[PDB]
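# Everything below, folded, please.
(one chain, ligands or ions: 8)
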Amino acid sequence: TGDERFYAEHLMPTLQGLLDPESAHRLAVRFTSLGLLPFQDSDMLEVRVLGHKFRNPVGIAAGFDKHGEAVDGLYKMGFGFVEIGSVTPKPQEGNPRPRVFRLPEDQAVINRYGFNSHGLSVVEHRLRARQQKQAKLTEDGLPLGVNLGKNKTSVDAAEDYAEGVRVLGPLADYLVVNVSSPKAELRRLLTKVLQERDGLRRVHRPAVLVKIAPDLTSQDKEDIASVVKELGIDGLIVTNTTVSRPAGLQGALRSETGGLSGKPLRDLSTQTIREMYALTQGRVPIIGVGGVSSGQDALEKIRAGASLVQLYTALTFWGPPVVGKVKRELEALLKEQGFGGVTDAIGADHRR
Ligand SMILES: Cc1cc2nc3c(=O)[nH]c(=O)nc-3n(C[C@H](O)[C@H](O)[C@H](O)COP(=O)(O)O)c2cc1C
Ligand SMILES: O=C(Nc1c(F)c(F)c(-c2ccccc2)c(F)c1F)c1nsnc1O
Ligand SMILES: O=C(O)c1cc(=O)[nH]c(=O)[nH]1
Ligand SMILES: [Cl-]
Ligand SMILES: [Cl-]
Ligand SMILES: [Cl-]
Ligand SMILES: [Cl-]
Ligand SMILES: [Cl-]
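Numbers count the residues shown, from 1 in each chain. Ligands and ions are numbered 1, 2, ... in the order given. Here you go, the structure:
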């Protein structure tokens, strides 16, 4: 479309020339929360997983709406589901600025926000203000995830996550235990999270997913797969940003400390999805995330094992029109490869 090219070629590069990345992000959140924004979802794109219907499989990843401020505008942007957070129990400011950096030559970002968060209480009241509106959205196929973090100074990480389950669990369709911001400990932690979740009333009882790094050893991945199956965890989010720096980065800021996202992460993420799907025998839904910017990127993750995908960094470079672009391209590729819909493509590479 013309909007896609105007954002990609003129408006976004101009904004990025004028505004450092954090200021640009804060502007984006403000415009999105006000619905100041520039494709019709088809039956082909609908997915049923995690106990919910998803009108389309393209979600906004954690970190864009850390504090729950822009949820309705994100649905207006065309995302099939929204994940807010990470939210920490107490408020905290995060790292000093600058703490995010663009790598324009790499179509990548590096960030070290350090879990800046309004905290559970503020976000709780924010979501309560729209709780019934969200109930209708979810019933209409637009679910809400909440990603839970822990405070920097906390001495008892499992209790931080337990607090998040109790406070925001009742407001979420799914919860994310993000143990991956840049075996028996994980079993202990997840047992406690699942017990707290199971103690919520049924109408307020969310799915629980674990979000992992792209930087794990083979042993780590095998151990996570084992614990997730043993405990009955509902899903995996694969992956967070990477602390690696692939050979070939050109950005001047490539050696900043932080998590790398965008195109250089893409195929590391896709391979991690592929491995986790095989290690769980296809029985544990996966939300695939990392360097998704096109319909081909999305379908590669779906064929590798993802039931849903998310993006963030692509929005920062290409702007809101990228969402409809990904969905349009995904639908066209599904038809070209002979899938009746998204659901038939999930894990297809493992059946070749
Ligand atoms: C600026 C920024 C902040 C992020 N903060 C979070 C966060 O609070 N919690 C989380 O689980 N991931 C967070 N992420 C990771 C994204 O959710 C996603 O896993 C990662 O960026 C890969 O997707 P992408 O390449 O499409 O950006 C953040 C990413 C960015 C770029
Ligand atoms: O969020 C960002 N940009 C950014 C932006 F500056 C926008 F104006 C809109 C935007 C434009 C029109 C309506 C709503 C948001 C946006 F989505 C963005 F991602 C961003 N994060 S790191 N570097 C960046 O440029
Ligand atoms: O620094 C953060 O808050 C953050 C960054 C990131 O890339 N992933 C995450 O989970 N948190
Ligand atoms: Cl802090
Ligand atoms: Cl920068
Ligand atoms: Cl509590
Ligand atoms: Cl409630
Ligand atoms: Cl680092």
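# contacts and neighbour counts: CA atoms only from here.
Will do.
# ok, residue 147 to ligand 5 distance?
Per Cα to the ion, to the nearest Å, residue 147 is found 26 Å from ligand 5.
# tally of neighbours for the residue in the stretch 251-352 of the chain that ligand 5 sits nearest to?
With Cα to the ion as the measure, residue 253 is the residue of the stretch 251-352 of the chain nearest to ligand 5, at 7.5 Å. Other residues near residue 253 come to 14 when the count uses other Cα atoms under 10 Å.
# before we move on, what about the one 5 residues further on?
Residue 258: 22 surrounding residues under other Cα under 10 Å.
# Assess the claim that it and residue 243 are in contact.
Yes. Residue 258 is within contact range of residue 243, at 6.4 Å (criterion: Cα atoms under 8 Å).
# mind pulling up the phi and psi values for the residue of the stretch 251-352 of the chain closest to ligand 5?
As for residue 253, its main-chain torsions (degrees, to the nearest 10) stand at phi -100, psi 20.
# residues contacting it?
Each residue near residue 253 by Cα atoms under 8 Å, 6 or more residues apart in numbering is listed here: 101-103.
# Likewise for residue 28?
Residues near residue 28 by Cα under 8 Å, 6+ apart: none.
# how near is it to residue 293?
Going from residue 28 to residue 293 by Cα to Cα, to the nearest Å gives 18 Å.
# OK, contacts around the most centrally placed residue in the chain?
The residue lying closest to the centre of the chain (Cα atoms, centre = their mean) is residue 61, at 2.5 Å. Each residue near residue 61 by Cα under 8 Å, 6+ apart is listed here: 82-84, 289, 310-312.
# show me where the chain has helices.
Along the chain, counting by DSSP state H, helices occupy 2-6, 12-18, 21-33, 71-77, 120-128, 131-139, 157-168, 184-198, 218-231, 266-279, 295-304, 313-318, 321-336, 342-345.
# Tabulate these (a markdown table), appending distance to residue 43.
What follows is the helices of the chain, written out as a markdown table (distance: least, Cα to Cα, whole Å):
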| stretch | distance to residue 43 |
| --- | --- |
| helix 2-6 | 24 |
| helix 12-18 | 32 |
| helix 21-33 | 26 |
| helix 71-77 | 17 |
| helix 120-128 | 29 |
| helix 131-139 | 16 |
| helix 157-168 | 31 |
| helix 184-198 | 32 |
| helix 218-231 | 31 |
| helix 266-279 | 25 |
| helix 295-304 | 16 |
| helix 313-318 | 25 |
| helix 321-336 | 10 |
| helix 342-345 | 9 |
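# anything in stretch 156-169 near ligand 3?
No. No part of stretch 156-169 sits close enough to ligand 3 to count as contact by Cα under 6 Å from any ligand atom; the gap is at least 13.8 Å.
# Of all the residues in that stretch, which ones are buried?
By neighbour count with 16 or more other Cα atoms under 10 Å, stretch 156-169 contains the buried residues 158-165, 167-169.
# Identify the residues contacting the residue nearest to residue 252 when sequence neighbours are not counted.
The shortest distance from residue 252 to any non-neighbouring residue, by Cα to Cα, 6 or more residues apart in numbering, is to residue 103 (7.2 Å). Residues in contact with residue 103 (Cα under 8 Å, 6+ apart) are 109-110, 250-254.
# Check the separation of the first and last residues in stretch 208-223.
For stretch 208-223, the end-to-end distance is 18 Å (Cα to Cα).
# Kindly report the same for stretch 32-39.
The straight-line separation of the ends of stretch 32-39 (Cα to Cα) is 18 Å.
# which outside residues touch it?
So stretch 32-39 is contacted by 3, 31, 69-74, 76-77, 320-321, 324, 327-328 (Cα under 8 Å, 6+ apart).
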